[PDB]
Amino acid sequence: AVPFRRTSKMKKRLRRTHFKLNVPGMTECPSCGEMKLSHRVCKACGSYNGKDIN
Amino acid sequence: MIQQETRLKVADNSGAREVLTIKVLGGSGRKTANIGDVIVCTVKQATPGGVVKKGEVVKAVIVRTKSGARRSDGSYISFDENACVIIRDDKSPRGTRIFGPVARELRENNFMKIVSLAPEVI
Amino acid sequence: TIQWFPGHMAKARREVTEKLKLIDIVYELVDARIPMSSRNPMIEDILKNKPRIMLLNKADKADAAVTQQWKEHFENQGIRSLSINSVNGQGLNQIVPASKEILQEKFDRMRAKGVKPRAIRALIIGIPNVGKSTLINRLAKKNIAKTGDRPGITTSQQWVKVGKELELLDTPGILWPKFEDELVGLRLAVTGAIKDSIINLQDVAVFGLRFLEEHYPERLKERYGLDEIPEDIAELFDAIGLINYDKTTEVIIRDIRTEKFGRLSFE
Amino acid sequence: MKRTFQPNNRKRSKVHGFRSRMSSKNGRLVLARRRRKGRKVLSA
Amino acid sequence: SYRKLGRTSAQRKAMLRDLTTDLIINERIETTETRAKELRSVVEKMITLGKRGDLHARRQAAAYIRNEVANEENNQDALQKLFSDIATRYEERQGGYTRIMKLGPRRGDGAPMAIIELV
RNA sequence: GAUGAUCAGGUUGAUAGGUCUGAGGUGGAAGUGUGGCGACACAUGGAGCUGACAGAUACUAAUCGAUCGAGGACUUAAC
RNA sequence: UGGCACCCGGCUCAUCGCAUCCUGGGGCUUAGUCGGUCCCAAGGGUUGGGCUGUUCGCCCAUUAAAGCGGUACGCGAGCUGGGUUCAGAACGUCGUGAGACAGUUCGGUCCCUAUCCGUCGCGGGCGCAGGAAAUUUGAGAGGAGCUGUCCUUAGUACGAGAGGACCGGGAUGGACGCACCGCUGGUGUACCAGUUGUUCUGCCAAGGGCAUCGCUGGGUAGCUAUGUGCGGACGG
RNA sequence: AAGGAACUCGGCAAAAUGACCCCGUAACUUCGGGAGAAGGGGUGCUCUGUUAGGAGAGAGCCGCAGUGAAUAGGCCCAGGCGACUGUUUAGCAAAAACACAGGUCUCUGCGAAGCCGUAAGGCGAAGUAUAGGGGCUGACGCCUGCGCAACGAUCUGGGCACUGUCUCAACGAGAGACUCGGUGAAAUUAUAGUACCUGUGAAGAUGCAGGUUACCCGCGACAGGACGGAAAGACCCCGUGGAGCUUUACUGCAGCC
RNA sequence: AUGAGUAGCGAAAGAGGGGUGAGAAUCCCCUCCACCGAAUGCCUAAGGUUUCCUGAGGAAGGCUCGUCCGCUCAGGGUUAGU
RNA sequence: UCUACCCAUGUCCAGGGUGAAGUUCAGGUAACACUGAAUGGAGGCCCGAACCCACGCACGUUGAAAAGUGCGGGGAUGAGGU
Ligand SMILES: Nc1nc2c(ncn2[C@@H]2O[C@H](COP(=O)(O)OP(=O)(O)NP(=O)(O)O)[C@@H](O)[C@H]2O)c(=O)[nH]1
């Protein structure tokens, strides 16, 4: 099956309503790290709220 | 579970040694039969001379089946072959002898003569 | 029992009725071994107000005396009859003069009416597995029709112009829709004319054996390398050998139609 | 499946070569036409 | 139910046998999170086998441990290390011996990685 | 349960894994003795092994924190 | 150089009409047993095969019954040349030559990622005069609706007799539907055993890899029917 | 599980036989075959045992199962057609169509007859009527039509084995589908803010009239409609449109007399 | 431009530890595992004409990534009386 | 340079079956043709790999491919393939 007619700009913009991303989980810097992710390591030194690992 | 085109084997001394079912009586769209039912069959193997002849259409009662019957108290029965006895419309044995064991269910279906003639009833 | 009656048989009757006017003369083929049972009342009811001749094909396989007696019975009945062997022309020469004598009345009426005499139009009709096409091929010397050793070969009627003298119409065999007398059905099945995959061969063999014991006890005695006449069938069956319990029935019916025995007739 | 072009250097020079063209008159006409157009490559 | 890991049974068993003997030598490894969660069930069973110690148990673990050098100087393979100086470490600790430690995804395909180590 | 969704839980806790007892399944483990020339049989022993099923037990993971979310409009009748 | 009328079968899914096949209620014409005929009624139901081109078609055996029709053959971007229907071949009939008829037969290629409206499921917003957590009424809508035997009534109503109702009770089937794995079975590729060939752990004994899970005998949880439980009863 | 062709135009497809030895083999026949016809029996390991010289016989021991896995023929009847082995529409038709061995008719005395070329020059052939061109049939046994022995991916019919073809479906494995990270096209397309029912209309309405329903936006599925899309079509006329073909239609140049 | 962030990414077993690097599932090294083996082995035709070796590179080409390449720059390489 | 036919020169075909002519001994004879035994190895012979075809079904049909793949099938010392 091929499209019967082209789709206007309005319909396309209305279809793309739910096509977006999500703001991630933001937590505290572990062991003065840099703003690590929830239930994960610090970007600086792999720290768990100050519990460094790896 | 006997149905159309299922070959049984007679267990009486009438002259027919194997039959093939044609229809199962007792319902609009009934397709299966069990121990104690009545079927219409055609004779497929018989001696050239005897009481019954090849190609004749008769009716018979099932007495043995690979899958038996679930009794009330939870007990099950099962045989190793499917066998039938040719009867008349008045429920009497067309032949004179019954060979092999016979299921007890026949007794509750008022098949008293066949049960009486049977050697051993389980 | 025996019920064989396909749809082409039904269409043949309608075609014959729809093309009845053109027919001048009718040939009705009848097997010699069973002259009375081989007749077809169903097609005879349609066929009236038309001259016809009875033909007895396969006359070599039947006893001469009984065939001649049946010929007399047809002759004094009020119908012309003849005995013919299709495979080798025996009586084929004496049918054109008979047709001419029969149709001479209309021929002379037309001649005095002021037209040139024309070709004789004949229609061949009969039960299957009789020489309905071999006779045509012999008469035309051309081998134009298809023939086989089983019933139901041809399927459509066809015109064959034999010279400037004959116009023959062929026709597939026709059987009545329902049999009434089981002995006639048994005889027909024995002689062929039935597909043989619709009937019970064991009953046919039993009928053959009992007829033989009743009529040709000596021919049953000679049989094929065994000499006994017991009460049952299993004595002869297990002559030459798990062996086939009763498939030998086919053997019993195999040779008889090929005339392993001598000539016989069932009448 | 075998495609129609199966390369071979000898047959190419024997059929479409310079000397084959120069052998006959029509080949010389072909060379003259290709010279007139100005094609960088002529013959084969 | 067990995870399938997107492979046939034979290859799944091969991966499990490879990883469970790579962990015993190294004592901490880095894999994907869904592949390290399916691994914690086998290492602890092997550790219990090592803690049993009798000959019948040792021949049971010999069918699930590959032949690798492990320590170099004293020439002891994976099985000897498992039965020698690991069953002695976990002598009074009954239960879990492993720790699963999540971290971020990786550049190539965005799969979430994790580190699994002995306790 | 396609993904969202729904439901059971988040250290005053039995949500999942492991461990210890079971239930079912299979059918007499390795080792060592004895008998036989040998293939093999017997004892130690309803033995050994056991994915998804039960009951106990915080041994390992369910830390942090972040975001959202009211102060009750107008008129007329009975206070 | 006549006469005078007319202008594709099968599969999977269904839905509607009544001009009613069965079941319900009636007059009747018909001892009862029955049967025939004519009204009112569309809720449900309305079969498996053999020969066969299913035809101007035969038969077999059941059932309370094996109704007639409309929807672009109802239905090919859902499936089947299986008829129709092509280029290769035999026979045919007509023809003065280029050809005419199909009269019989054998073989013989179409595809499509769903844009919009439609149907079947599942979510995200906001609204509902304060924010929330539960429990709910019911304007409306959909589902179900079928029948057979046997015992009593008592052979009593009847019928000289032979023969025989019957809808009030009571049991028990057929088909269909909804659930579930305690029983009988099925599968059950990270469960347990037997065994062939070859290769590997230095060798014996113990084991691993590959050969459709290498092949065989069993099989827990889960999912299941051919297994089990229940339903359509009335009543206003 | 139970049944075993009940499906269907049709056993299409799938299932079933298969290896090594030892017994046993029909009708028919062109006497070569048919024929591996059809049907039965046995295979593991140990000892006896340089086993006689690698047995064979004997004794024993295990499992449900002994060519223990992979690879190895399904079989039997009856009719047409063609004798057989072979060749054909590359890319719809592998056949009963073509060829074939044999038979028969006709021309040719050698610069042969036939062909290719305007001619020179060649093939036939360096060959000579038991040898060469051109037609028609198509083995060989019985007649001036009748025989199927052997062969066939041939066309019709039947019977065994065996089974998910089905009564009636149920689980399990793998690659897609689905979610996430990377990269990222196509046919189609007048603008569209694109309901339903009875009517009307070039005659088959999301767009017209009357009425009934319907809060805004998405994701996974189905295929009733947009006379859905692409080969302009999967075909009936017409081209006082072509090409081809046949002459008691004419007129030219070929050859021969 | 729409279809749309949709179909596809062209048969197949990899796992872990080190190293380089601004950046590593894809590059290099090590250890296990796995497939072909009458070839998925080696040697030399037709054909191609710099694709061969070493050092640098991250525009474009590799159906993703790339510190890598049959890609881009520089250099170098093919010895016959048999 | 693809395909049709022809000309001159090379090259390829794992294994296993059946057993013609001829020859020798010899019942038979006076010797045959015919018995058997031994030897012998013919065939547009048989089963079947490499090789060459293309009969059935399924998939693919904006394909891996502008004629392919998978499982079965025919010929396979010759009127052969290259
Ligand atoms: N012995 C013998 N056989 C004959 C004779 N006539 C015919 N046959 C046999 O019959 C067979 C052919 O019969 P046929 O005429 O075709 O029968 P049919 O009536 O035409 N059958 P259908 O009409 O269906 O085609 C052959 O086997 C032929 O040998 C006869 O006179 N004698």
# chains A, B, ... in the order shown; residues from 1 in each chain; ligands from 1

call {"tool": "residues_around", "arguments": {"residues": "stretch 107-114 of chain E", "least_positions_apart": "6", "cutoff": "10 Å", "atoms": "only C-alpha atoms (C1' of nucleotides)", "output": "VMD selection string"}}
result
(chain A and resid 40) or (chain E and resid 29 to 37 100 to 101) or (chain H and resid 180 to 182) or (chain I and resid 23 to 26 64 to 65)

call {"tool": "write_last_selection", "arguments": {"atoms": "C-alpha atoms (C1' of nucleotides)", "output": "PDB file, in the first residue's frame"}}
result
ATOM      1  CA  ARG A  40      25.687   4.152  40.217  1.00  0.00           C
TER       2      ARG A  40
ATOM      3  CA  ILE E  29      35.402  -8.690  36.246  1.00  0.00           C
ATOM      4  CA  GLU E  30      33.424  -6.219  34.149  1.00  0.00           C
ATOM      5  CA  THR E  31      30.505  -7.346  31.980  1.00  0.00           C
ATOM      6  CA  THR E  32      26.992  -6.257  31.055  1.00  0.00           C
ATOM      7  CA  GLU E  33      24.455  -5.986  33.853  1.00  0.00           C
ATOM      8  CA  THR E  34      21.991  -8.537  32.471  1.00  0.00           C
ATOM      9  CA  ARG E  35      24.872 -10.977  31.932  1.00  0.00           C
ATOM     10  CA  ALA E  36      26.295 -10.548  35.441  1.00  0.00           C
ATOM     11  CA  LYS E  37      22.909 -11.099  37.091  1.00  0.00           C
ATOM     12  CA  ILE E 100      27.065  -6.693  41.751  1.00  0.00           C
ATOM     13  CA  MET E 101      28.151  -3.091  41.209  1.00  0.00           C
TER      14      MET E 101
ATOM     15  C1'   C H 180      17.246   0.730  23.673  1.00  0.00           C
ATOM     16  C1'   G H 181      22.248   2.931  21.282  1.00  0.00           C
ATOM     17  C1'   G H 182      24.544   4.008  15.788  1.00  0.00           C
TER      18        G H 182
ATOM     19  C1'   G I  23      38.028   9.310  22.645  1.00  0.00           C
ATOM     20  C1'   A I  24      37.850   1.525  22.401  1.00  0.00           C
ATOM     21  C1'   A I  25      32.219  -4.079  21.797  1.00  0.00           C
ATOM     22  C1'   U I  26      35.065  -3.195  16.495  1.00  0.00           C
ATOM     23  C1'   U I  64      27.601   1.261  12.748  1.00  0.00           C
ATOM     24  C1'   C I  65      32.473   2.787  15.444  1.00  0.00           C
TER      25        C I  65
END

call {"tool": "residues_near_ligand", "arguments": {"ligand": "ligand 1", "cutoff": "9 Å", "atoms": "only C-alpha atoms (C1' of nucleotides) and all ligand atoms", "output": "ChimeraX atom specification"}}
result
/C:29,56-61,84-89,125-136,145-156,170-174,193,258

call {"tool": "closest_atom_pairs", "arguments": {"of": "chain B", "to": "chain G", "cutoff": "8 Å", "atoms": "only C-alpha atoms (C1' of nucleotides)", "output": "Markdown table"}}
result
| residue | atom | partner | partner_atom | distance |
| --- | --- | --- | --- | --- |
| B:22 | CA | G:61 | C1' | 6.9 |
| B:23 | CA | G:61 | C1' | 6.4 |
| B:25 | CA | G:62 | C1' | 6.9 |
| B:26 | CA | G:174 | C1' | 7.0 |
| B:27 | CA | G:174 | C1' | 4.6 |
| B:28 | CA | G:63 | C1' | 5.2 |
| B:29 | CA | G:175 | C1' | 6.7 |
| B:30 | CA | G:174 | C1' | 6.8 |
| B:74 | CA | G:183 | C1' | 7.4 |

call {"tool": "write_last_selection", "arguments": {"atoms": "C-alpha atoms", "output": "PDB file, in the first residue's frame"}}
result
ATOM      1  CA  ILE B  22     -19.918 -46.136   9.198  1.00  0.00           C
ATOM      2  CA  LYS B  23     -21.694 -43.859  11.680  1.00  0.00           C
ATOM      3  CA  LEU B  25     -25.615 -43.211  16.615  1.00  0.00           C
ATOM      4  CA  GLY B  26     -27.049 -40.982  19.307  1.00  0.00           C
ATOM      5  CA  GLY B  27     -26.594 -37.325  18.437  1.00  0.00           C
ATOM      6  CA  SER B  28     -26.806 -34.652  15.783  1.00  0.00           C
ATOM      7  CA  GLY B  29     -23.056 -34.209  15.379  1.00  0.00           C
ATOM      8  CA  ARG B  30     -21.637 -36.971  17.554  1.00  0.00           C
ATOM      9  CA  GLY B  74     -11.312 -42.659  40.552  1.00  0.00           C
TER      10      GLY B  74
END

call {"tool": "closest_atom_pairs", "arguments": {"of": "chain E", "to": "chain F", "cutoff": "8 Å", "atoms": "only C-alpha atoms (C1' of nucleotides)", "output": "CSV"}}
result
residue,atom,partner,partner_atom,distance
E:1,CA,F:52,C1',5.2
E:2,CA,F:51,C1',7.7
E:40,CA,F:17,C1',7.7
E:41,CA,F:17,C1',7.2
E:44,CA,F:18,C1',7.1
E:55,CA,F:30,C1',7.7
E:56,CA,F:30,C1',5.5
E:93,CA,F:59,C1',6.4
E:94,CA,F:59,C1',5.6
E:95,CA,F:59,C1',4.3
E:96,CA,F:18,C1',4.7
E:97,CA,F:60,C1',6.8
E:98,CA,F:60,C1',6.3
E:99,CA,F:60,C1',5.9
E:100,CA,F:61,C1',7.1

call {"tool": "write_last_selection", "arguments": {"atoms": "N, CA, C and O atoms", "output": "CSV table (one decimal), in the first residue's frame"}}
result
chain,number,residue,atom,x,y,z
E,1,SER,N,12.3,-18.9,35.8
E,1,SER,CA,12.8,-19.1,34.5
E,1,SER,C,14.2,-18.5,34.4
E,1,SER,O,14.6,-17.6,35.2
E,2,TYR,N,15.0,-19.0,33.5
E,2,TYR,CA,16.4,-18.4,33.3
E,2,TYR,C,16.4,-17.6,32.0
E,2,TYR,O,15.7,-17.8,31.0
E,40,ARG,N,25.7,-14.9,38.9
E,40,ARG,CA,25.8,-15.0,40.4
E,40,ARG,C,25.3,-16.4,40.9
E,40,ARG,O,25.6,-16.8,42.0
E,41,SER,N,24.4,-17.0,40.1
E,41,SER,CA,23.9,-18.3,40.5
E,41,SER,C,24.9,-19.5,40.5
E,41,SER,O,24.7,-20.4,41.2
E,44,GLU,N,28.5,-19.2,43.1
E,44,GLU,CA,28.2,-19.6,44.5
E,44,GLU,C,28.0,-21.1,44.6
E,44,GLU,O,28.4,-21.7,45.6
E,55,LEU,N,36.4,-35.9,47.7
E,55,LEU,CA,36.9,-36.3,46.3
E,55,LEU,C,35.7,-36.2,45.3
E,55,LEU,O,35.9,-35.8,44.2
E,56,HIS,N,34.5,-36.7,45.7
E,56,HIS,CA,33.4,-36.7,44.8
E,56,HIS,C,33.0,-35.3,44.4
E,56,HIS,O,32.6,-35.1,43.2
E,93,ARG,N,31.1,-17.7,56.6
E,93,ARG,CA,30.1,-16.9,55.9
E,93,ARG,C,29.2,-17.8,55.1
E,93,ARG,O,29.6,-18.4,54.1
E,94,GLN,N,28.0,-18.0,55.5
E,94,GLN,CA,27.0,-18.8,54.8
E,94,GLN,C,26.1,-17.9,54.0
E,94,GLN,O,25.5,-16.9,54.5
E,95,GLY,N,26.0,-18.1,52.7
E,95,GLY,CA,25.1,-17.4,51.8
E,95,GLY,C,25.9,-16.7,50.7
E,95,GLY,O,26.9,-17.3,50.2
E,96,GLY,N,25.5,-15.5,50.3
E,96,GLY,CA,26.1,-14.9,49.1
E,96,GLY,C,27.5,-14.6,49.3
E,96,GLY,O,28.0,-14.2,50.4
E,97,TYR,N,28.3,-14.8,48.2
E,97,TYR,CA,29.7,-14.5,48.2
E,97,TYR,C,30.1,-13.4,47.1
E,97,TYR,O,31.2,-13.0,47.1
E,98,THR,N,29.1,-12.9,46.3
E,98,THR,CA,29.4,-12.0,45.2
E,98,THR,C,28.7,-10.7,45.4
E,98,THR,O,27.7,-10.6,46.2
E,99,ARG,N,29.2,-9.7,44.8
E,99,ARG,CA,28.6,-8.3,44.8
E,99,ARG,C,28.5,-7.8,43.4
E,99,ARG,O,29.5,-7.8,42.7
E,100,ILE,N,27.3,-7.3,43.1
E,100,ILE,CA,27.1,-6.7,41.8
E,100,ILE,C,27.1,-5.2,41.9
E,100,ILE,O,26.3,-4.6,42.7

call {"tool": "atom_distance", "arguments": {"atom1": "atom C1' of residue F:22", "atom2": "atom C1' of residue F:58"}}
result
21.9 Å

call {"tool": "interface_residues", "arguments": {"of": "chain G", "to": "chain E", "cutoff": "10 Å", "atoms": "only C-alpha atoms (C1' of nucleotides)", "output": "list in words"}}
result
residues 189, 190, 201, 206, 207, 208, 213, 221 and 222 of chain G

call {"tool": "interface_residues", "arguments": {"of": "chain F", "to": "chain A", "cutoff": "12 Å", "atoms": "only C-alpha atoms (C1' of nucleotides)", "output": "VMD selection string"}}
result
chain F and resid 61 to 67

call {"tool": "write_last_selection", "arguments": {"atoms": "C-alpha atoms (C1' of nucleotides)", "output": "PDB file, in the first residue's frame"}}
result
ATOM      1  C1'   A F  61      21.741  -6.405  46.383  1.00  0.00           C
ATOM      2  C1'   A F  62      16.512  -2.896  47.062  1.00  0.00           C
ATOM      3  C1'   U F  63      21.975   4.209  49.654  1.00  0.00           C
ATOM      4  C1'   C F  64      21.189   8.544  48.465  1.00  0.00           C
ATOM      5  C1'   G F  65      18.192  12.535  46.963  1.00  0.00           C
ATOM      6  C1'   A F  66      15.286  14.896  43.142  1.00  0.00           C
ATOM      7  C1'   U F  67      10.322  16.614  41.155  1.00  0.00           C
TER       8        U F  67
END

call {"tool": "residues_around", "arguments": {"residues": "stretch 5-15 of chain B", "least_positions_apart": "4", "cutoff": "7 Å", "atoms": "only C-alpha atoms (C1' of nucleotides)", "output": "PDB file with N, CA, C and O atoms (P, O5', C5', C4', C3', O3' and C1' of nucleotides), in the first residue's frame"}}
result
ATOM      1  N   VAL B  19     -14.671 -55.533  11.287  1.00  0.00           N
ATOM      2  CA  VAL B  19     -15.680 -54.613  10.789  1.00  0.00           C
ATOM      3  C   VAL B  19     -15.061 -53.227  10.659  1.00  0.00           C
ATOM      4  O   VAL B  19     -13.983 -52.948  11.184  1.00  0.00           O
ATOM      5  N   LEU B  20     -15.759 -52.361   9.932  1.00  0.00           N
ATOM      6  CA  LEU B  20     -15.367 -50.968   9.765  1.00  0.00           C
ATOM      7  C   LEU B  20     -16.586 -50.096  10.007  1.00  0.00           C
ATOM      8  O   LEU B  20     -17.636 -50.317   9.397  1.00  0.00           O
ATOM      9  N   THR B  21     -16.454 -49.116  10.894  1.00  0.00           N
ATOM     10  CA  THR B  21     -17.605 -48.314  11.283  1.00  0.00           C
ATOM     11  C   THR B  21     -18.048 -47.404  10.144  1.00  0.00           C
ATOM     12  O   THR B  21     -17.270 -47.057   9.253  1.00  0.00           O
ATOM     13  N   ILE B  22     -19.319 -47.020  10.185  1.00  0.00           N
ATOM     14  CA  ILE B  22     -19.918 -46.136   9.198  1.00  0.00           C
ATOM     15  C   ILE B  22     -20.451 -44.867   9.851  1.00  0.00           C
ATOM     16  O   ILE B  22     -20.225 -43.763   9.356  1.00  0.00           O
ATOM     17  N   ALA B  46     -14.805 -62.027   6.371  1.00  0.00           N
ATOM     18  CA  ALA B  46     -15.656 -63.121   6.806  1.00  0.00           C
ATOM     19  C   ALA B  46     -15.364 -64.346   5.960  1.00  0.00           C
ATOM     20  O   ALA B  46     -14.838 -64.249   4.848  1.00  0.00           O
ATOM     21  N   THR B  47     -15.712 -65.505   6.504  1.00  0.00           N
ATOM     22  CA  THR B  47     -15.546 -66.751   5.773  1.00  0.00           C
ATOM     23  C   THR B  47     -16.536 -66.803   4.610  1.00  0.00           C
ATOM     24  O   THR B  47     -17.645 -66.269   4.720  1.00  0.00           O
ATOM     25  N   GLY B  50     -21.106 -68.949   5.945  1.00  0.00           N
ATOM     26  CA  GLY B  50     -21.374 -68.659   7.337  1.00  0.00           C
ATOM     27  C   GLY B  50     -22.640 -67.844   7.491  1.00  0.00           C
ATOM     28  O   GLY B  50     -23.341 -67.543   6.524  1.00  0.00           O
ATOM     29  N   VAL B  51     -22.915 -67.489   8.749  1.00  0.00           N
ATOM     30  CA  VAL B  51     -24.144 -66.767   9.072  1.00  0.00           C
ATOM     31  C   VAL B  51     -24.132 -65.381   8.441  1.00  0.00           C
ATOM     32  O   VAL B  51     -25.100 -64.965   7.794  1.00  0.00           O
ATOM     33  N   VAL B  52     -23.039 -64.647   8.620  1.00  0.00           N
ATOM     34  CA  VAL B  52     -22.913 -63.295   8.099  1.00  0.00           C
ATOM     35  C   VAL B  52     -21.954 -63.311   6.917  1.00  0.00           C
ATOM     36  O   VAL B  52     -21.119 -64.208   6.768  1.00  0.00           O
ATOM     37  N   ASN B  82      -9.413 -52.960  20.490  1.00  0.00           N
ATOM     38  CA  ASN B  82     -10.801 -52.546  20.347  1.00  0.00           C
ATOM     39  C   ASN B  82     -11.619 -53.703  19.793  1.00  0.00           C
ATOM     40  O   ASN B  82     -11.290 -54.251  18.736  1.00  0.00           O
ATOM     41  N   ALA B  83     -12.685 -54.068  20.501  1.00  0.00           N
ATOM     42  CA  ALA B  83     -13.504 -55.208  20.129  1.00  0.00           C
ATOM     43  C   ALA B  83     -14.974 -54.839  20.234  1.00  0.00           C
ATOM     44  O   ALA B  83     -15.363 -53.987  21.037  1.00  0.00           O
ATOM     45  N   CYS B  84     -15.790 -55.497  19.417  1.00  0.00           N
ATOM     46  CA  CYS B  84     -17.219 -55.234  19.382  1.00  0.00           C
ATOM     47  C   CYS B  84     -17.967 -56.548  19.230  1.00  0.00           C
ATOM     48  O   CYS B  84     -17.418 -57.552  18.774  1.00  0.00           O
ATOM     49  N   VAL B  85     -19.234 -56.527  19.630  1.00  0.00           N
ATOM     50  CA  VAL B  85     -20.124 -57.677  19.522  1.00  0.00           C
ATOM     51  C   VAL B  85     -21.315 -57.278  18.664  1.00  0.00           C
ATOM     52  O   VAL B  85     -21.981 -56.278  18.954  1.00  0.00           O
ATOM     53  N   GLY B  95     -24.468 -63.984  17.922  1.00  0.00           N
ATOM     54  CA  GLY B  95     -23.751 -65.238  18.010  1.00  0.00           C
ATOM     55  C   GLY B  95     -24.128 -66.022  19.248  1.00  0.00           C
ATOM     56  O   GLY B  95     -25.185 -65.821  19.850  1.00  0.00           O
ATOM     57  N   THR B  96     -23.239 -66.939  19.632  1.00  0.00           N
ATOM     58  CA  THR B  96     -23.475 -67.813  20.770  1.00  0.00           C
ATOM     59  C   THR B  96     -22.433 -67.702  21.872  1.00  0.00           C
ATOM     60  O   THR B  96     -22.749 -68.026  23.022  1.00  0.00           O
ATOM     61  N   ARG B  97     -21.216 -67.266  21.566  1.00  0.00           N
ATOM     62  CA  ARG B  97     -20.151 -67.176  22.552  1.00  0.00           C
ATOM     63  C   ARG B  97     -19.581 -65.768  22.572  1.00  0.00           C
ATOM     64  O   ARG B  97     -19.665 -65.031  21.587  1.00  0.00           O
ATOM     65  N   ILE B  98     -18.996 -65.404  23.708  1.00  0.00           N
ATOM     66  CA  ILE B  98     -18.257 -64.159  23.861  1.00  0.00           C
ATOM     67  C   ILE B  98     -16.844 -64.519  24.291  1.00  0.00           C
ATOM     68  O   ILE B  98     -16.657 -65.303  25.228  1.00  0.00           O
ATOM     69  N   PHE B  99     -15.855 -63.959  23.605  1.00  0.00           N
ATOM     70  CA  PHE B  99     -14.457 -64.307  23.818  1.00  0.00           C
ATOM     71  C   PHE B  99     -13.729 -63.155  24.496  1.00  0.00           C
ATOM     72  O   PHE B  99     -13.870 -61.998  24.087  1.00  0.00           O
TER      73      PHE B  99
ATOM     74  P     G H   3      -5.709 -46.485  18.423  1.00  0.00           P
ATOM     75  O5'   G H   3      -6.462 -45.857  17.171  1.00  0.00           O
ATOM     76  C5'   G H   3      -7.847 -46.085  16.981  1.00  0.00           C
ATOM     77  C4'   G H   3      -8.408 -45.259  15.852  1.00  0.00           C
ATOM     78  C3'   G H   3      -7.766 -45.444  14.492  1.00  0.00           C
ATOM     79  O3'   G H   3      -8.219 -46.615  13.839  1.00  0.00           O
ATOM     80  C1'   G H   3      -8.187 -43.142  14.900  1.00  0.00           C
ATOM     81  P     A H   6     -10.638 -41.630   2.106  1.00  0.00           P
ATOM     82  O5'   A H   6     -11.227 -40.899   3.391  1.00  0.00           O
ATOM     83  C5'   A H   6     -12.624 -40.859   3.630  1.00  0.00           C
ATOM     84  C4'   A H   6     -12.956 -40.071   4.873  1.00  0.00           C
ATOM     85  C3'   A H   6     -12.388 -38.665   4.952  1.00  0.00           C
ATOM     86  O3'   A H   6     -13.161 -37.732   4.218  1.00  0.00           O
ATOM     87  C1'   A H   6     -12.127 -39.777   7.038  1.00  0.00           C
TER      88        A H   6
END

call {"tool": "select_by_dssp", "arguments": {"residues": "chain A", "states": "strand (DSSP E)", "output": "PyMOL selection string"}}
result
chain A and resi 47-48+51-52

call {"tool": "write_last_selection", "arguments": {"atoms": "C-alpha atoms", "output": "tab-separated table (two decimals), in the first residue's frame"}}
result
chain	number	residue	atom	x	y	z
A	47	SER	CA	32.29	6.68	44.14
A	48	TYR	CA	29.03	5.65	45.83
A	51	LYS	CA	32.30	5.21	48.62
A	52	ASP	CA	34.88	5.16	45.84

call {"tool": "interface_residues", "arguments": {"of": "chain A", "to": "chain E", "cutoff": "9 Å", "atoms": "only C-alpha atoms", "output": "list in words"}}
result
residues 37, 39, 40, 41, 42, 46 and 54 of chain A

call {"tool": "write_last_selection", "arguments": {"atoms": "N, CA and C atoms", "output": "short mmCIF file (atom, residue, chain, number, x, y, z; two decimals), in the first residue's frame"}}
result
data_model
loop_
_atom_site.label_atom_id
_atom_site.label_comp_id
_atom_site.auth_asym_id
_atom_site.auth_seq_id
_atom_site.Cartn_x
_atom_site.Cartn_y
_atom_site.Cartn_z
N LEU A 37 24.98 9.66 38.75
CA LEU A 37 23.67 9.09 38.48
C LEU A 37 23.17 8.28 39.68
N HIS A 39 21.99 5.31 41.93
CA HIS A 39 22.38 3.90 42.06
C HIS A 39 23.51 3.54 41.10
N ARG A 40 24.56 4.36 41.11
CA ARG A 40 25.69 4.15 40.22
C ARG A 40 26.92 4.81 40.83
N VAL A 41 27.98 4.92 40.05
CA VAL A 41 29.28 5.39 40.52
C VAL A 41 29.41 6.88 40.23
N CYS A 42 30.37 7.50 40.91
CA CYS A 42 30.76 8.86 40.58
C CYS A 42 31.55 8.88 39.28
N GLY A 46 34.44 6.81 40.52
CA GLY A 46 33.59 5.66 40.73
C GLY A 46 33.11 5.53 42.16
N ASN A 54 36.57 1.25 41.84
CA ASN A 54 37.13 1.22 40.49
C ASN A 54 37.84 2.53 40.16
#
